[PDB]
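Descriptive structure summary
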Amino acid sequence: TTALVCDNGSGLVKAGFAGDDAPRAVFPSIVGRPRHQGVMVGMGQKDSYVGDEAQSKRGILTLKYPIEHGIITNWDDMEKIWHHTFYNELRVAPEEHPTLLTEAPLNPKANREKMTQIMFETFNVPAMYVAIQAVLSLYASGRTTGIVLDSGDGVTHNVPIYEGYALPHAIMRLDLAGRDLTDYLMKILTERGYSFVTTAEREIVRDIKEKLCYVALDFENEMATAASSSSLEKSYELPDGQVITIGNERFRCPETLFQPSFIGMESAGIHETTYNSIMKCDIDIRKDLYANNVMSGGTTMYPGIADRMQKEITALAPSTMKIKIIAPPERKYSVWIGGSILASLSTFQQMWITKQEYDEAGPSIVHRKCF
Amino acid sequence: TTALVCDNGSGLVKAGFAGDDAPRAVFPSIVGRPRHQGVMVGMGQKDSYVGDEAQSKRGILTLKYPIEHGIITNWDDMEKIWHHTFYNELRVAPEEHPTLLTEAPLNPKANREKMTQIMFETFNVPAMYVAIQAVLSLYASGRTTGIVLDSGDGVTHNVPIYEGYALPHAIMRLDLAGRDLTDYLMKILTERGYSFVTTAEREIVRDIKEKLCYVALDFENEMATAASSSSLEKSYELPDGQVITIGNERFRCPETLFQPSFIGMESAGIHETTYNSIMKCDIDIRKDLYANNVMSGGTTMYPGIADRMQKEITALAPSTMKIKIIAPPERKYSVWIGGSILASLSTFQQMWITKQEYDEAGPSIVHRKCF
Amino acid sequence: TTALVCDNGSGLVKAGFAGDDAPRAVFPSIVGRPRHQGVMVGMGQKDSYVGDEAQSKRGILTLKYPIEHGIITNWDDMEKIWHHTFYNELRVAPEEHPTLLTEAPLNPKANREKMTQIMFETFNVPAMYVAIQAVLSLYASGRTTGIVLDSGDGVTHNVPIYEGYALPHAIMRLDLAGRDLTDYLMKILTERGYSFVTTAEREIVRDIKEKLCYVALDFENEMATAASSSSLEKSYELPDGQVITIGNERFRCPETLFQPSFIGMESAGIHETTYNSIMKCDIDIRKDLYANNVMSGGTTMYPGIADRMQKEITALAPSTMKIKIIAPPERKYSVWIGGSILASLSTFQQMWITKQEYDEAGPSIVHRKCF
Ligand SMILES: Nc1ncnc2c1ncn2[C@@H]1O[C@H](COP(=O)(O)OP(=O)(O)O)[C@@H](O)[C@H]1O
Ligand SMILES: Nc1ncnc2c1ncn2[C@@H]1O[C@H](COP(=O)(O)OP(=O)(O)O)[C@@H](O)[C@H]1O
Ligand SMILES: Nc1ncnc2c1ncn2[C@@H]1O[C@H](COP(=O)(O)OP(=O)(O)O)[C@@H](O)[C@H]1O
Ligand SMILES: [Mg+2]
Ligand SMILES: [Mg+2]
Ligand SMILES: [Mg+2]
């Protein structure tokens with residue numbers, strides 16, 4: 001039958017059936033519990049809400065994110081998220097569908113051990129498999145050679161591949177993601193007097209970040225222009241009728257990706273990370289990786305990130321190379337699209353982990369089979 | 001000439017001269033205007049009163065604070081308060097003495113912009129400077145490495161410093177301080193039949209709070225003791241001659257610091273704020289910050305506050321670490337003492353913002369010369 | 001006059017006087033600068049910190065190493081380090097003492113050219129000499145025959161010397177050293193949850209490696225045993241009282257020496273490289289090199305490394321030969337010890353490059369005199 005492809009992101013959940021062109025159900029990965037006191041009978045029920053029905057009620061809920069930087073911290077909540085996706089979104093009983101999850105590179109082993117343990121023990125899936133996200137992103141584009149940048153809500157990592165032969169000694173992982181951008185935005189917005197303090201208001205700040213932010217091609221010059229003129233201002237309207245206006249915050253926020261010292265981090269931005277990853281491979285294949293620089297992840301949707309990366313990576317490499325950022329319009333869902341492509345290959349059906357093997361080897365087999 | 005220090009707090013204006021060890025003047029920051037029609041000739045002058053001459057007469061006045069959570073909400077009254085200070089209380093022509101002011105972190109820029117503009121244009125002080133309250137509080141103790149929990153009247157913030165290099169990425173600020181506790185105290189006194197509603201009677205409940213309230217080392221145990229005994233109850237007499245009595249209110253009111261969910265807020269109490277601030281820092285410097293939990297501000301005078309914070313953080317942090325709380329006896333004027341020390345340093349005389357610089361750059365200078 | 005000796009290694013500086021027993025000062029070579037912004041007047045000085053003091057304050061600094069793979073990559077900082085070693089650790093006037101140095105084999109000539117230039121012109125030392133490290137190592141053992149293995153922090157090299165005649169073609173230089181092992185340990189410590197990314201955390205991962213890691217005597221059996229139980233597990237406490245546990249990460253890191261493919265390289269482990277070095281020398285002298293096998297360098301201090309090397313070499317060479325690994329307990333400082341021995345020999349005082357000869361011939365004379 002058709003196997004599920006559930007891409008549990010750090011902030012979003014994508015689910016669907018192998019082969020399709022787009023995820024069937026997409027909903028945020030949060031769980032909210034009421035905090036005030038219910039003074040009425042038979043109303044205000046359901047001690048816990050998940051996804052959209054926790055977004056719409058968020059005003060009176062305290063919203064938790066089960067995953068934290070690509071690591072599942074609250075397993076009791078993650079079981080709930082998976083239950084939601086399997087039953088209330090997809091409307092399937094997973095006991096007849098194989099599954100194909102995803103993980104970030106360099107993620108702690110116990111994370112995926114417990115992942116597969118739950119999948120086999122609670123949901124009784126006949127077989128399943130766990131694939132790194134960079135490999136799926138590289139499938140989606142339909143090629144074999146390139147270096148993936150996959151920047152999501154929890155983790156930003158890079159993975160270079162040459163003709164199907166991975167180079168695990170060049171994979172670099174940098175935990176500066178969309179969540180940290182939103183949490184820095186909440187802090188900088190006070191400079192104007194708009195105090196967002198609650199977990200609910202954090203979703204409002206995420207919405208402002210998605211709607212209005214954009215990466216400056218040249219940070220210093222846009223600083224000067226924005227300070228010297230009001231042509232860069234823009235206004236947002238809160239759910240309660242208020243109106244908030246923001247000026248240079250719009251590009252001050254995404255710039256954290258390229259200058260992690262804005263939030264105290266010591267690393268070098270994503271551009272330097274990619275350059276270092278490419279300069280760690282063999283000398284012959286650096287030329288090809290310079291030319292097939294793939295992008296992915298929702299966080300790479302900031303208008304102008306492709307051009308800023310092009311600039312900041314052409315400034316580094318030798319002047320005789322062709323540095324070519326690939327930025328598909330659907331790069332938000334490239335991981336899932338790659339997963340769906342993968343699961344439908346006939347020659348991949350011998351890479352599943354069958355329930356029979358799990359019943360005979362324990363969860364540790366996930367390492368002896370998967371990547 | 002000698003530099004003045006004017007720590008125009010939210011509850012009490014502390015104004016004095018650099019080089020001294022105590023403020024030359026303390027008075028409430030309230031401006032009241034009468035409300036009952038006058039009927040006598042030879043009277044009825046001076047429609048507005050400030051400070052103590054408004055506190056005494058409040059029987060016939062409506063009192064209003066100009067600062068609201070460390071943000072000035074009505075400048076027309078703040079000019080009046082500064083004028084009162086300089087001319088009637090300190091009695092110095094301000095245009096012959098530099099002045100040093102204090103501002104809480106994450107405070108909107110416009111606040112300090114107008115703060116500088118008023119001083120330079122109206123009072124024409126030859127020079128001035130604005131400093132964050134936590135750094136002055138650190139100066140007051142003679143240290144150079146600690147984490148300062150300043151709980152003023154409006155705002156409670158937390159600024160970890162290590163060897164003089166502050167760590168802005170890990171600062172906190174919780175809008176929960178004196179006035180909120182006074183409001184909660186008024187709200188829970190109603191349970192006994194004491195209905196205070198007016199702006200005058202809030203200045204009776206504030207005194208009740210300052211006299212009878214304390215902090216419980218174990219809130220549940222105190223609740224049980226109150227339920228099963230009358231030992232905790234205490235007696236207080238109103239201005240007109242009535243006597244009131246309050247029981248568990250005494251330790252309920254300050255408990256709102258550690259469980260903000262009492263007054264509805266999502267945020268976490270002061271102990272969790274401090275632990276989060278310490279953790280965010282570099283792993284090698286948490287050791288020293290654990291042992292320098294300085295305290296300041298008026299609201300940090302409740303009995304049992306230092307001991308309670310000691311217990312809480314010692315319960316949160318790793319068991320091996322030595323947690324210490326530093327609560328100097330005069331910690332109510334810690335910020336003013338810090339400013340007094342700072343204004344005297346010879347190395348500091350170069351950091352004044354001069355009137356010429358203000359003319360050269362205007363209000364935007366305060367974002368370069370001052371922290 | 002007395003001659004100084006300074007083994008400018010990659011990871012640590014071993015300085016001191018000729019003729020002594022042990023180095024006078026052994027301080028890490030790192031020039032750090034503060035990354036945060038100071039706020040407190042009255043302290044926060046000394047824009048850069050070098051060596052020990054840099055290690056002490058590394059909580060708020062970025063630590064860069066001036067030497068990388070035994071080639072001075074940053075002269076601005078190496079000059080500061082030399083100035084420190086002379087004027088604050090040895091506390092001597094360098095202009096009065098002949099100064100010996102060291103350099104790895106097959107090291108670019110511009111390196112030592114500028115080394116001699118700086119020593120003769122900036123410090124105005126009277127005479128100097130750049131002796132290859134392995135030869136000094138072999139002096140320190142008293143021998144005059146054998147095959148030196150010296151695994152510094154940056155570079156690993158073999159130098160077969162027979163009867164005082166160094167055979168230059170059989171030399172081998174392998175850029176696998178301590179820092180590579182540190183980085184690989186940092187990489188494989190993510191398998192349990194940890195994240196050491198800052199340059200400050202490199203100086204803690206190196207210490208975990210120095211304290212716990214050990215070489216296996218048979219890697220496959222070690223892995224099989226480790227998988228069986230938790231007997232091998234050991235626990236180490238970070239600077240802030242948090243405890244971490246590691247199992248097979250203790251001996252997967254040192255195994256990089258004997259299977260360089262772990263960190264992505266192609267070349268064969270140190271044992272195959274030594275066997276290949278011997279098997280390029282004349283047949284008449286392979287017996288003498290087999291039975292004399294000197295060790296050196298800090299990285300050769302893993303418990304059991306000598307035994308593993310002996311096993312692996314005997315596994316290749318003909319059965320008749322008697323292999324012997326010489327591992328003096330003081331081998332970490334062998335290079336400096338040999339330098340001090342050499343600087344004292346009466347026959348040596350003619351090898352000096354005098355200031356007059358430097359003036360006559362320029363920097364290039366160090367190629368014609370120094371081996
Ligand atoms: N159009 C957009 N522009 C900018 N940021 C966006 C946009 N859409 C989503 N984001 C941000 O990217 C993150 C979600 O992207 P996503 O790829 O799904 O993360 P994850 O790996 O967990 O699945 C969120 O932090 C969100 O704020
Ligand atoms: N001994 C005390 N106990 C409890 N609350 C106090 C005490 N002294 C002052 N307060 C309260 O703290 C506030 C004033 O203290 P203060 O430190 O000066 O605040 P601010 O930051 O505005 O300067 C007032 O609300 C006052 O009621
Ligand atoms: N007992 C030990 N075990 C393992 N590694 C060690 C030990 N002592 C030092 N090292 C490593 O050796 C390196 C420094 O040794 P060293 O020989 O002096 O290098 P260099 O020649 O540049 O001076 C460091 O990276 C350190 O991690
Ligand atoms: Mg993702
Ligand atoms: Mg205050
Ligand atoms: Mg060496």
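For this deposition, the record names cryo-EM as the technique by which the model was determined and cites 3.66 Å as its resolution.

Regarding the sheet that holds strand β4 (residues 31-34) of chain B
Residues and elements named next belong to chain B. Ordered in space as β5-β4-β6, the 3 strands form an open sheet in which the pairing is antiparallel. In the strand order of this sheet, the two ends are held by β5 (49-50) and β6 (61-64), each with one partner. Bridge analysis of β4 against β6 gives 4 bridges, and the strand direction is antiparallel. For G32, the partnering residue across the bridge sits in β6 and is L63.

Remarks on the site of ligand 1
Residue and element names in this part refer to chain A. Close to ligand 1 lie 16 residues, the nearest being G9, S10, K14, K209 and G298. Residue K209 places a side-chain N or O atom 2.5 Å away from an oxygen atom belonging to ligand 1. The side chain of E210 places a nitrogen or oxygen atom 3.5 Å from an oxygen atom of ligand 1. The protein chains hide 87% of the 570 Å² of surface that ligand 1 would expose on its own. Of all the secondary structure elements, the ones that give two or more residues to the shell around ligand 1 are β2 (12-15) and α6 (199-212). For the shell around ligand 1, the element with the most residues is α6, which contributes 3 residues. When the residues that make up the shell around ligand 1 are grouped by side-chain class, the tally is 3 nonpolar, 7 polar and 6 charged.

Thoughts on the interface of chain C and chain B
The interface is formed by 25 residues belonging to chain C together with 30 residues belonging to chain B. When the buried area of chain C at its contact with chain B is split by residue, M40, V41 and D240 of chain C rank highest and sum to 29% of it. Counting the contacts that link chain C with chain B gives 4 salt bridges. The partner of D282 of chain B in a salt bridge is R35 of chain C, and the shortest N-O contact between them spans 2.9 Å. Linking chain C with chain B are 7 residue pairs in polar contact. Split into classes, the residues belonging to the side of chain C that touches chain B amount to 10 nonpolar, 9 polar and 6 charged.

What about the domain arrangement of chain A?
All names here are of chain A. When the domains of chain A are assigned, the result is domain 1 (1-27 + 69-134 + 334-367), domain 2 (28-68), domain 3 (135-181 + 271-333) and domain 4 (182-270). Computed over C-alpha atoms, the centres of domain 1 and domain 3 are 25 Å apart. Regarding the contact of domain 1 and domain 3, the summed buried area is about 2,100 Å², with carbon and sulfur atoms giving 63% of it. The largest contributions to the domain 1 side of the interface with domain 3 come from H69, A134 and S334, which together make up 34% of the buried area. Where domain 1 touches domain 3, the interface holds 15 residue pairs in polar contact. With 8 residues, the single largest contributor to the side of domain 1 that touches domain 3 is helix α12 (residues 334-343). Grouping the amino acids of the side of domain 1 that touches domain 3 by side-chain chemistry returns 15 nonpolar, 10 polar and 1 charged.

A look at the site of ligand 2
Residue and element names in this part refer to chain B. As a matter of local geometry, ligand 2 sits amid 17 residues, with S10, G11, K14, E210 and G298 nearest to it. In the environment of ligand 2, an oxygen atom lies 3.1 Å from a nitrogen or oxygen atom belonging to the side chain of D153. Here a nitrogen atom of ligand 2 and a side-chain polar atom of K332 are 2.8 Å apart. Look at ligand 2: alone it shows 570 Å² of surface, and the protein chains cover 90% of it. Those elements that place two or more of their residues in the shell around ligand 2 are β2 (12-17) and α6 (202-212). Looking at which element gives the most residues to the shell around ligand 2, the answer is α6, with 3 residues. By residue class, the composition of the shell around ligand 2 is 3 nonpolar, 8 polar and 6 charged.

Focus on the pairing of strand β14 (residues 243-246) of chain B
Residue and element names in this part refer to chain B. Alternating residues of β14 divide into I244 and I246, all buried, and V243 and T245, none buried. When strand β13 (residues 234-237) meets β14, the two strands line up antiparallel, connected through 4 bridges. When the bridges of β14 are listed, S235 appears paired with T245.

What to know about the packing of helix α4 (residues 133-140) of chain A against α12 of chain A
Residue and element names in this part refer to chain A. Running from amino to carboxyl end, α4 crosses α12 at an angle of 80 degrees, the nearest separation of the two axes being 7 Å. When the interaxial angle is binned, α4 and α12 end up roughly perpendicular. Facing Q133, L136, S137, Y139 and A140 of α4, the residues of α12 in contact are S334, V335, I337, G338, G339, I341 and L342. Classifying every residue of the contact of α4 with α12 by side-chain character gives 7 nonpolar, 5 polar and no charged.

Parameters and conventions
Residues numbered from 1 in each chain as written, not as in the entry; some residues may be left out. Chains lettered and ligands numbered in written order. Part of a larger assembly, values for the part shown. Heavy atoms only, no water. Pairing = 2+ DSSP bridges. Helix = DSSP H or I, 4+ residues; strand = E, 2+ residues; numbered from the N terminus. Near = heavy atom within 4 Å. Polar contact = N/O pair within 3.5 Å; in protein donor to acceptor, adjacent residues only side chain to side chain. Areas by Shrake-Rupley, 256 points an atom, 1.4 Å probe, with all protein chains shown as cover. Nonpolar A, V, L, I, M, F, W, Y, C, P; charged D, E, K, R; others polar. Contact = heavy atoms within 4.5 Å. Buried area = accessible area lost by both parts, 1.4 Å probe. Salt bridge = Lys/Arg side-chain N within 4 Å of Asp/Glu carboxyl O. Domains from an automatic or database assignment. Buried < 20%, exposed > 50% of the residue type's maximum accessible area, 1.4 Å probe, protein only. Axes fitted to C-alpha atoms, helices over the stretch in contact; angles between N-to-C directions. Parallel < 35°, antiparallel > 145°, perpendicular 65-115°, else oblique.

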